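Summary of structural features
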Amino acid sequence: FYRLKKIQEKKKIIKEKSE
Amino acid sequence: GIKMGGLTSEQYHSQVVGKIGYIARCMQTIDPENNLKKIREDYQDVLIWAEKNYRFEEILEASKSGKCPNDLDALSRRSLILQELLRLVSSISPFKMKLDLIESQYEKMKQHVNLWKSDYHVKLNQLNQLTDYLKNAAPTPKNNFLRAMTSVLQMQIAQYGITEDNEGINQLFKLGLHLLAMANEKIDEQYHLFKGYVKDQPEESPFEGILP
Amino acid sequence: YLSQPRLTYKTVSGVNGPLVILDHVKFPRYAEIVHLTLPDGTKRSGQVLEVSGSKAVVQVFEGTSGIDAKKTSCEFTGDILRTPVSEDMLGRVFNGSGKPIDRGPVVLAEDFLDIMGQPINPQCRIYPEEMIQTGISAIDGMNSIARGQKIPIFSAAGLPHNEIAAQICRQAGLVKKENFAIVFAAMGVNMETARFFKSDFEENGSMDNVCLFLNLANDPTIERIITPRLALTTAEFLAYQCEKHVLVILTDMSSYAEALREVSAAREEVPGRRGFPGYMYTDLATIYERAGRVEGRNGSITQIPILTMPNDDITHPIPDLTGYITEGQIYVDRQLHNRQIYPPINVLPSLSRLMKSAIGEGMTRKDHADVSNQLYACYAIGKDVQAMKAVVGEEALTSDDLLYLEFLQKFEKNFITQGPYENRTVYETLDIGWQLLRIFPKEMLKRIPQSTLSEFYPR
Amino acid sequence: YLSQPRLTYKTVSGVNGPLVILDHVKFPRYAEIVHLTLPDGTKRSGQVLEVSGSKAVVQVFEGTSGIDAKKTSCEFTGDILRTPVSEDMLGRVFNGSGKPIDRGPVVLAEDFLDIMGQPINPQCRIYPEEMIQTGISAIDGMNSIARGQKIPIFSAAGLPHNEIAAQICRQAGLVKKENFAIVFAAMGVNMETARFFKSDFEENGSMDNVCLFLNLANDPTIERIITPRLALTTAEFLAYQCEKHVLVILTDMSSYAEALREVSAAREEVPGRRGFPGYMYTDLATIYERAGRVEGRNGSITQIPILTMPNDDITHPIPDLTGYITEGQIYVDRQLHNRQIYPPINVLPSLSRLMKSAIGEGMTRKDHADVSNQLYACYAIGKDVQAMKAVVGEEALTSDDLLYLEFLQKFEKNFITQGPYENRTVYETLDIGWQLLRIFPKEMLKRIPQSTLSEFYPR
Amino acid sequence: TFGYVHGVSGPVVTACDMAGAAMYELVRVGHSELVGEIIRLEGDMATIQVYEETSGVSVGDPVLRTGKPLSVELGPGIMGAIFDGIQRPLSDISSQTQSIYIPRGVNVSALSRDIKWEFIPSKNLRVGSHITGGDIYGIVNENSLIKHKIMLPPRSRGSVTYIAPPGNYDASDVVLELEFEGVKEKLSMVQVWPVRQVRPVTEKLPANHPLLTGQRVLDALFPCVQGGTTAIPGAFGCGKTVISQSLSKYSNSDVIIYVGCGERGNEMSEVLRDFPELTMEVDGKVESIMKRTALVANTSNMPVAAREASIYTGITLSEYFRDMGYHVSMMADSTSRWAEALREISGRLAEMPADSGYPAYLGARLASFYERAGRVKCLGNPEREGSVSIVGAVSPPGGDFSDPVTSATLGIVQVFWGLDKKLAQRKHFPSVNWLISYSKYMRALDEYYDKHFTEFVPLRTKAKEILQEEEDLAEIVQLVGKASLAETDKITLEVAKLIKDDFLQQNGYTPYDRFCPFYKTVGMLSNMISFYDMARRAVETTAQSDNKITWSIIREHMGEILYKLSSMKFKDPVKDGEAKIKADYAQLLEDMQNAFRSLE
Amino acid sequence: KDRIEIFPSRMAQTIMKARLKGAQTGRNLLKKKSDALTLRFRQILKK
Amino acid sequence: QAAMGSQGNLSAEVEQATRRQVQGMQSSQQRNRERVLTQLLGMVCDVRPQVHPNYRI
Amino acid sequence: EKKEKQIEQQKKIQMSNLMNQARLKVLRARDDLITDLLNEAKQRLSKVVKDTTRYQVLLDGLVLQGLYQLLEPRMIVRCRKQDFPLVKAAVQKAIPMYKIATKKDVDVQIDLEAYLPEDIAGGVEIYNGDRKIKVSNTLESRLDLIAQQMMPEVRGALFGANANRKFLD
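**Looking at the packing of helix 3 (residues 221-241) of chain D against helix 4 (residues 253-266) of chain D**
Residues and elements named next belong to chain D. It is the contact of helix 3 with helix 4, at a shortest axis distance of 8 Å, that shows an interaxial angle of 125°. Here helix 3 is positioned oblique relative to helix 4, judged by the angle of their axes. By crossing handedness, the relation of helix 3 to helix 4 is classed as left-handed. Together, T221, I222, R224, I225, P228 and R229 of helix 3 and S255, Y256, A259, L260, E262 and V263 of helix 4 make up the contact between the two elements.

And the structure:
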């Protein structure tokens, strides 16, 4: 669970940077 | 977060202003003619703040600054004693109590270690149970018996008080409460219970001059 | 001192759980304290746990319920939570935030100490070499307490660990044949527990030497992880600046661990076991290691970090990480309590890591260490015999086994059982030890040299 | 009605697995139904799962293969999924989407209902009373289904849970000491079993009172999620608006749970316990609790969810979360199946919490409760005696033990073993019970009052 | 006061133009006014957790901001009503709509504004007087049982500028006006209090007065005290109905609150159906229990926010009456159902799970729940006192005690009324396990018992010793058959049975045993223990040689005494008064001692 | 010693549950054997 | 009864020692009050403006 | 005898209670003494403010000091109306200096619509352009800001040093 949560947060961060 | 007991800083001093105003209101309500001189003196430090318009805020500042007797626990006990005295005279309102007995009962309460848990407190709670019930009661044998018996009970308390234990008053308490809790459907038992009171009462005409 | 005016901000960026994130902050400082006012006038405080550029993350102690985004007003004090300390804090009662709750005034500081503290230079730290007489045979004999030692009581919900701690507060003396200043941090407890200790301290006639910090079950969970630091910070003032011997008792440390775990989850930190932060050990060491004597100064701090073991699991991270940091434990259990044995102290899973130096010639009696070690052997074997006999039956036992059952039965009722007000000396405890050891023939007392048996055993 | 022309968009921002991300969509709704047209003229359905400003994200029911980002058009309906309901749809067979697959016409609606519906106001919920007999003795004379309860059938994979479910549909009805309907929904069913249900229901004349929904294993996984909602949406219409009693059977809720996990992954939600969503609890309650009696109306809904236990472990979140919010369990075993007993239902681990109200004079027969309790004790004892016999032998048994063995053997052969096409009413089931009970003399039937024995025991 | 919906990702709605919003504020999202709360905030955007289904919500929909966080509406009309976990009257929703469903976005005021309540001022206050928080300025006459006292809301004070005269007012009128520092506040009869906030009291007092339930077991051996906290297991076969009815019907508390957290629909119906049919004698009249009861109903398919909030809504209602000087007894039907709702929300928020999947703060939430119970000194000048008791039930999956919810609860509650199913199967009620059950208030109540009854305490001590010994002897009896057994042990075994049969067992479906007054409970135990001691002495003082007394001699010799002891439970307090029952029990005590005397 | 020392796994969980059921059945079957022997023992001792 | 009398009179003594301590405290600070006010007021009046140590450029 | 020992225990608890309350009473009296000093300091500061020839100089410092703490391109200076002529001068003499110490051009305006309460002893508060960042540099704020840090020295200066403190660590 911990790793998956950080993966989802990192994906959100990557998406924001691309915008 | 000074959290003095269960209260914060503003709430603590607000409760002190409330209790002081309350005592002033109780004192004028119980003794509007200012006859109870000894009892009033015991409260002079909180009655001196009465009959002034402080709009709450100026007496509130006096509490914060330390000019008022702002100890919360001392006010709690002293306020309880006064309002319990009010209950004593209020619950027997159809009758007048002698001023000497009011002061005597006051002194006995003031000396009590823990008035709230006293037999004095319980006896008043039972009396109010019996006198509140009758406030909105239909005509019926049970309620006529309770009303007649309550008027005698109030008459006796006005003369003996509550702290001065008296077998006559205690027996009447038991009979009144036992009737009150008695089933409304049962008529013969409440009739025999009332008749027992009437014949056992030391006098011959227990209600003559007590009720209309 | 800090002479420059502090700045006030209305620049809150957003709120996420217990963390209020501000932007547009001038030169944010890490681990500085921020005071914030809610639109309704409520005042709350928090600490900056992260800074980045113009942003800062503030953890609010009271909580984030009702925190606005447009009307919230925050000011930065410009320093870390340094707290006022004075000698006359003894006899005062404080809350978990450091404020008085006894209707007395605020602290009139002699100085301001950093709640985070400083580690004591190991070169100046002086090894503890003095024994405290707890009066409890289960402790003074087999798990002695040194002055400056860290000994929590491992307990479980419903057991009388509060009574044992209270007892220790009154009948804790020295074996040099003394008034300890007690700092009691009541955190994560109900009113009745906090009132129990407060009443006992007054009943003992020692309240003028007791400083209380209360943080009850209905108080904020974030303040519950500074209360221990507030208690210990005061202890450090008293012990290391005023040379007063201080006894610091921290109530169920598990409420500290749970408060910490909540913060760890809120900040998405790397878990270790059972969801607790991977740095739980380091954080506990920050609390626990504020103890011991310092060379050249006549003060000391002794700790008793009592903790409740979740589900009696001795391997739970809380007792586990504590066990790694503290000098052993007293440890009570339900097997003794369920038989109305008090104190219900189980010596077998217990230890005192300083006992080897606080006992013996010049300290108590020269046979102390020998009696303890043999009692441990006999007690453990008696438990082993019961484990066997439960299956094989009494008829399967020989005389060598029945002796340990006799020892075990007499040991628990004579040595461990005492009562809340039974205060035994260390010398009486050892004499009792011998009375139990004399159940066995000399040849079976294999942990004791003949140079000791020949002198003490015959009596 | 809306009477608003629909907008069709050709602006597509991207496509990611089952999801199509659209752009420039005007005031999109969440859960809005849209229709796609692919370049090949192929039409597909989908539902909007996220609307972040003008960026609508739609999950396509069918596969997304063939969809581009230049020509594919998306027609918005302006509304959510609302199912056309009528009385006439009873006797029809539909797929998961609500479309007919029986060569009949599309349903001519009497109304449109939101398939998610609303919770039933507890103030108007009526405690379950009368019984709905199933025709299967193992669950009529032992753990009957009250007219309003929700009692699941737990089975391991490979057991005949589908054959029993079909038998219940053919045989179930009112006690009859015209107003009864069955709504049957199969989620994730394979082609061979789906045919079984359809053909078995049609051939035996039961279809007139059955509304059948088939969601096949190779059908869209999102359609599997609405399937049970469409079945209950119909059940609510039929039951509460048309004053009749509806039995709803939800087959293979475990396959539903797997489809739910797939939807959660589509939303990029972090999986919870054993991979399932953290909201699995409320989702099952949302489906299950849309049942029971209501004040002032003569209709009712009952449910018999049927669940495959992964690895035959009742602890698994699927049967655990189900049972935690249902009233008892039927429980189909494996030992009875391998012994070639049909139905293979084990009466000892089963329970119907409402049986106490379901049965008795005025609902079934006076002696119902007494026969059940005595049969249960006799079977439990017979199993206990059988275990003894295996150790001590036949010659070590007394006469009473032999009677329990005779009961055990004839109980399973006569009472539990039935066959798929023998319909045993509640009164025949009780009569069979008495035939087994008359094995014992009156004095051994300790759980049946003497008044009951004198009335029913002889003859 | 409006913002707009920016987007929907499921049950989570993102709002824009919502800068002026506080965390855990309330919003009504969309044209159906869906109930939800604001959790995360960023800039002028807010993340809204919507309790109900979000299907149909559009981008651009309005969001109405409500200044108050999740709160309970408190005022006249609260009594007799059934509420949702977030304070929605179910009896009005079902009656104002003629529907059977709770409408999506239903917006029915917690307290109706069409009732003209009978309000009487205190008659002690005057315009210009000082009033503080918790003060009572008038009473509403709701029914014959509970007077609904109107208090000044906490965190308010000032000078009184208007007092409404006695008359008929509804909940939308103005009854009292007060001015503090030039700011005038207009108050009606209804106050609003955030449900997660603890209502202040003057002081929290020790609990010393017993909770006088009607059962002999769960009183004599395992006392509960007004203001105390207990736990009761909730299993199908445990017979929990006995406690619920006995506690709600005959308790010496004033107000009963029954809180559902998220149970099976049919279970919620059983409670809602049973409660309205319960009655009790009061002043000789039989009154419906619903005149002094309030109930919160939540089924497993209710919005998770309500199922989680239900437990706090209940206790907030409890404290409201606590502040009136009433003794309130609240039962949470299943705290396990609440814990399940809490875990669901933590899951939805993607929080890191802890022990057995529950939130890390599970224990903190339970601890702060139970800490709110207790006997208190109320706010306000009337110097009144009251209490809240909690008798919440636990029902962990599987019946195990390892679940963090039951383990945490047992570490918090001071009394555990452990029930069993085996006893129910044996038809022995109330189904009390005895060996598992405990009470930690025995010391707190020693002052009461010593003051009023004196002999009760040694009797309950001996009673537990007899029952425990009966269990301890079980292995000896199994291997012996009472043959190679001491006569003193036979007394323990047979007397312990007498206790189990004709004292701890109670038949609540009989008119004479509906409620056992304490004086009768201690009377029954006193005679049984006095018999025990006499039998022990009769054997022990004669057991030397030549001429000894045995149980066979005692049992045969004075069988009428054993019968009279068993008959004691039939002394109906409704027909046989306190003096008559005590007199008959005194006669048995004398007859009993003389029966043994004839043997020496 | 204290544990069978099988590495944590879903496979181990399944095995332990089957092993526990076996142990519980053996306990009950041997207890019944003992009870049968005890009655006869008490039967034969009575004889 | 003797104890209540003896215990009641003890507070008078506690009170007498307390009153002396308070008056002694007031007398002592009267010798420094003026010096402290001068020192404190000077610190208030002396503004000492400064630019944050980390200001760049 | 046991009850008497408890009666003696009751007597000791009453004595313990009495000594604890006496301690709190004298501590409260000590805090009143500290408050009287601080309230006198407020009156002394007011007397200083009344002196134009020192108050204008104080304002010169107070305005410039706040400017260095905000380091914003736009400033709003808020004061009580009575002192406006001197705040105006304080700003005029502060800007030439600010542009030298920070090498940044700042637009400093005085708010002529919003004023500080008339009961403020003196001083100014400065807001940034959007009024989201403010520095409070009035006399009451300064007195508490310093007094709270100097208190350890006041404690000793008025009541004496603690004879039991030997180390300053």
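Once the structure has been displayed, the description carries forward.
**Quick word on the UniProt feature "binding site: Mg(2+) 2" (unreviewed entry) in chain E**
Residues and elements named next belong to chain E. In the UniProt entry, the feature "binding site: Mg(2+) 2" (unreviewed entry) is given for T241, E263, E267 and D333. Judged by relative accessible area, which is 8%, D333 ranks as buried. Not counting residues within four places of it along the chain, the set of residues in contact with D333 comprises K240, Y258, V259, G260, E263, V271 and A393. Side chain to side chain, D333 and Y258 meet in a polar contact 2.8 Å long.

**Points about the arrangement of the chains**
Most contacts, among the 12 pairs of chains that meet, fall between chains D and E. At no point do chain C and chain D touch; the closest pair of C-alpha atoms across them sits 14 Å apart. Across the gap from chain B to chain G, with no contact made, the nearest C-alpha atoms are 13 Å apart.

**Describing the environment of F196 of chain C**
All names here are of chain C. Of note, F196 is situated in helix 3 (residues 191-203). Among the residues examined, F196 registers a relative accessible area of 30% and is labelled partly exposed. For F196 and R438, which are 242 residues apart along the polypeptide, the C-alpha to C-alpha distance reads 41 Å. Apart from residues no more than four positions distant in its own chain, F196 is found in contact with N162, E163 and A166.

**Thoughts on the pairing of strand 25 (residues 374-377) of chain E**
Residue and element names in this part refer to chain E. The alternating pattern of strand 25 places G374 and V376 on one face and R375 and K377 on the opposite face, and all of these are buried. Where strand 18 (residues 203-204) meets strand 25, two bridges bridge the pair, whose relative direction is antiparallel. Among the inter-strand pairings, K204 is bridged to a residue of strand 25, identified as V376. Of the strand pairs in this sheet, strand 25 and strand 26 (residues 385-390) are connected by four bridges, and their pairing is antiparallel. Considered in strand 26, the bridge of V376 is made with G386.

**Some thoughts on the nonpolar core**
By size, the foremost hydrophobic cluster in this structure holds 105 residues, and its most contacted members are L22 of chain C, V29 and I48 of chain E together with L67 of chain H. With residues up to four places along the chain from it excluded, the contact list for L22 of chain C reads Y9, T11, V12, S13, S54, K55, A56, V58, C74 and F76 of chain C. Counting residues in each nonpolar core, the second largest holds 81 residues, with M331, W417, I499 and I554 of chain E among its members.

Definitions and cut-offs
- Residues numbered from 1 in each chain as written, not as in the entry; some residues may be left out.
- Chains lettered and ligands numbered in written order.
- Part of a larger assembly, values for the part shown.
- Heavy atoms only, no water.
- Residues with missing side-chain atoms left out of burial classes, pairs and counts.
- Axes fitted to C-alpha atoms, helices over the stretch in contact; angles between N-to-C directions.
- Helix = DSSP H or I, 4+ residues; strand = E, 2+ residues; numbered from the N terminus.
- Parallel < 35°, antiparallel > 145°, perpendicular 65-115°, else oblique.
- Left-handed = near helix turned anticlockwise from the far one by under 90°.
- Contact = heavy atoms within 4.5 Å.
- UniProt positions renumbered as here; feature names shortened; annotations may be inferred.
- Buried < 20%, exposed > 50% of the residue type's maximum accessible area, 1.4 Å probe, protein only.
- Polar contact = N/O pair within 3.5 Å; in protein donor to acceptor, adjacent residues only side chain to side chain.
- Pairing = 2+ DSSP bridges.
- Core = buried A, V, L, I, M, F, W, Y, C linked by side-chain atoms within 4.5 Å.

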